[PDB]
Amino acid sequence: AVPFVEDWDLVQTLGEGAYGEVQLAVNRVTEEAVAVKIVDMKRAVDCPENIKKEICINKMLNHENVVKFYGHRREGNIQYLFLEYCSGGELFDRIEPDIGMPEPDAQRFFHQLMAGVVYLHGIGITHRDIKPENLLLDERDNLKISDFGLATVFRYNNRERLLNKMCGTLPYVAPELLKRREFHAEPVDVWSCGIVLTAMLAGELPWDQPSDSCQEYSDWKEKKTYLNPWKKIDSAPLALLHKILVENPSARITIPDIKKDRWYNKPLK
Ligand SMILES: O=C1Nc2cncc(n2)OCCCCCOc2ccc(Cl)cc2N1
């Protein structure tokens, strides 16, 4: 093999948070770029399982709209996860406050988001924290689902496992997660995708959380689509949202049917 092809340099920090930091790494020889997730296994009681699970789920992921997994390295209290580098950055940064983005762009991103989610659900995995800060873009603006630190298996040996753990981000989480003890995984991911669609078309989130105690949510259930946040959304995509953001998870539209929706199949718009 070629010498030095094992050394990667840290060019700059891409992201950071509770886990630690995400640095950009470039190969010394090939100059290939990849994202490195730096997680400090500090303390032993909420880590040996955390980082090890995310790694476990990643070794299963292989789809064009999902961040690719290259491998990991262990060193004392420092774990290294080599992930796909998406120079496009976060979807969140393509959303203009109070405005959103051109409908055609939002539709394409939505299609790709759906492709990824279909793949994941197809192999029994639920992301559980879909939001614009976790949806990355590559050089060609192709959407890719990232960060599987909250992900979990909801189907194994063809048997579905209801979830009970409450995770995600309040503005994006479905109502059943805040009202029921157990719930189906898939409708939860569909709901969050609906909130992401709203953000892309209005540049604002509809509510702090999906509870009847939150004024804006109540107004949604009452169909007050005038003026309020939904006023900036054309009737075609708004009709899709009316089917995604349904409180009863059992009545909520599923992905196969979202793919049959008028706006979803509308040329351009
Ligand atoms: O290039 C990547 N890859 C990647 C792959 N998997 C996870 C992850 N990052 O970080 C978690 C997402 C949030 C930080 C935001 O991360 C980024 C921010 C800005 C750019 Cl240009 C790239 C990334 N990320």
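Residue numbers start at 1 and run along the sequence shown. Note: hydrogens, waters and symmetry copies are ignored here, and every other heavy atom, side chains too, is used.
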> For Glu84, what residues pass the salt bridge (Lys or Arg N to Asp or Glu O under 4.0 Å) criterion, not counting sequence neighbours?
Replying inline: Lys144
Donor-acceptor pair, distance only, cut-off 3.5 Å: does the side chain of [X] make one with the backbone of [Y]?
{"X": "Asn58", "Y": "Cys56", "value": "no"}
{"X": "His63", "Y": "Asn65", "value": "yes"}
{"X": "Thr13", "Y": "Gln23", "value": "no"}
{"X": "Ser192", "Y": "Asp189", "value": "yes"}
{"X": "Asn157", "Y": "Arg159", "value": "no"}

Same cluster for [X] and [Y] if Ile/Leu/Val/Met/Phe/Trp/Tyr side chains link at under 4.5 Å?
{"X": "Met200", "Y": "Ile253", "answer": "yes"}
{"X": "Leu136", "Y": "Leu91", "answer": "no"}
{"X": "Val153", "Y": "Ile130", "answer": "no"}
{"X": "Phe148", "Y": "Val190", "answer": "yes"}
{"X": "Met166", "Y": "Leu170", "answer": "yes"}

If you measure from [atom1] on [X] to [atom2] on [Y], what distance do you get to the nearest 0.5 Å?
{"X": "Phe69", "Y": "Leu83", "atom1": "CZ", "atom2": "CG", "value": "7.0 Å"}
{"X": "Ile233", "Y": "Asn228", "atom1": "CD1", "atom2": "CG", "value": "11.5 Å"}
{"X": "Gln215", "Y": "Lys224", "atom1": "CD", "atom2": "NZ", "value": "10.5 Å"}
{"X": "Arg128", "Y": "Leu120", "atom1": "CZ", "atom2": "CG", "value": "13.0 Å"}
{"X": "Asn134", "Y": "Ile145", "atom1": "CG", "atom2": "CD1", "value": "10.0 Å"}
{"X": "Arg161", "Y": "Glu182", "atom1": "CZ", "atom2": "CD", "value": "10.5 Å"}

[Y] versus [X], side-chain donor and acceptor atoms under 3.5 Å:
{"X": "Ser218", "Y": "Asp212", "value": "no"}
{"X": "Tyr264", "Y": "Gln107", "value": "no"}
{"X": "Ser87", "Y": "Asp138", "value": "no"}
{"X": "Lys53", "Y": "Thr152", "value": "yes"}

Can you confirm whether [X] sits close enough to [Y] that some side-chain heavy atom of one is under 4.5 Å from a side-chain heavy atom of the other?
{"X": "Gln79", "Y": "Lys52", "result": "yes"}
{"X": "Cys86", "Y": "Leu137", "result": "no"}
{"X": "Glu32", "Y": "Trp8", "result": "yes"}
{"X": "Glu186", "Y": "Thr254", "result": "no"}
{"X": "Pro206", "Y": "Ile195", "result": "yes"}
{"X": "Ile55", "Y": "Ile51", "result": "yes"}
{"X": "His72", "Y": "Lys59", "result": "yes"}
{"X": "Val117", "Y": "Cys193", "result": "yes"}

> Would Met60 and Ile125 count as a side-chain contact (heavy atoms from CB on, under 4.5 Å) if you check the C-alpha gap in whole Å, the side-chain angles of each, and the deciding distance to 0.1 Å?
Replying inline: CA-CA 10 Å; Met60 308 170 68; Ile125 296 178; 4.1 Å; yes
For [X] versus [Y], what's the shortest heavy-atom pair and its separation?
{"X": "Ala174", "Y": "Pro210", "result": "C-CG, 3.8 Å"}
{"X": "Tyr80", "Y": "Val36", "result": "CD2-CG1, 4.3 Å"}
{"X": "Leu240", "Y": "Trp263", "result": "CD2-CE3, 3.7 Å"}
{"X": "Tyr119", "Y": "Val66", "result": "CD2-CG2, 4.1 Å"}
{"X": "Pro48", "Y": "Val45", "result": "CD-N, 4.0 Å"}
{"X": "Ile258", "Y": "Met114", "result": "CD1-SD, 4.1 Å"}

Does the pair [X]/[Y] count as a salt bridge with the N-to-O cut at 4.0 Å?
{"X": "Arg94", "Y": "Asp105", "answer": "no"}
{"X": "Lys232", "Y": "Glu204", "answer": "yes"}
{"X": "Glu21", "Y": "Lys37", "answer": "no"}
{"X": "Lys259", "Y": "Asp261", "answer": "no"}
{"X": "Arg252", "Y": "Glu176", "answer": "yes"}

> Given the rule in the side-chain contact (heavy atoms from CB on, under 4.5 Å) test, do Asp147 and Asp129 qualify, once you have shown the distances and angles that lead to the verdict?
Replying inline: CA-CA 9 Å; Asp147 203 343; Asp129 192 36; over 6 Å; no
>> Before you tell me yes or no, could you show the steps for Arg73 and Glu75 under salt bridge (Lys or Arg N to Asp or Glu O under 4.0 Å), namely the whole-Å CA-CA distance, both residues' side-chain angles and the distance that decides it to 0.1 Å?
In response: CA-CA 7 Å; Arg73 257 292 297 298; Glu75 294 181 299; 2.6 Å; yes
> Hey, is NZ on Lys243 packed in by over 12 heavy atoms from elsewhere, all under 6.0 Å?
Replying inline: yes
> Heavy-atom count around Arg108 CZ within 6.0 Å, excluding the residue itself: above 12?
Replying inline: yes
>> Before we go on, tell me: are the rings of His121 and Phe154 under 6.0 Å apart, centre to centre?
In response: yes
> Is the gap between the ring centers of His242 and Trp230 under 6.0 Å?
Replying inline: no
> Which of parallel (below 30°), tilted (30 to 60°) and perpendicular (above 60°) describes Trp220 and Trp207?
Replying inline: tilted
>> With side-chain contact (heavy atoms from CB on, under 4.5 Å) as the criterion, how do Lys231 and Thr225 come out once you've worked through the C-alpha distance, each side chain's angles and the decisive distance to 0.1 Å?
In response: CA-CA 6 Å; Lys231 165 193 165 185; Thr225 59; over 6 Å; no
> Which residues pass the ring pair (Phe, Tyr, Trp, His ring centres under 6.0 Å) test with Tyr19, sequence neighbours left out?
Replying inline: none
> Would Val196 and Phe110 satisfy side-chain contact (heavy atoms from CB on, under 4.5 Å), going step by step from the backbone distance to the final call?
Replying inline: CA-CA 9 Å; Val196 169; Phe110 193 70; over 6 Å; no
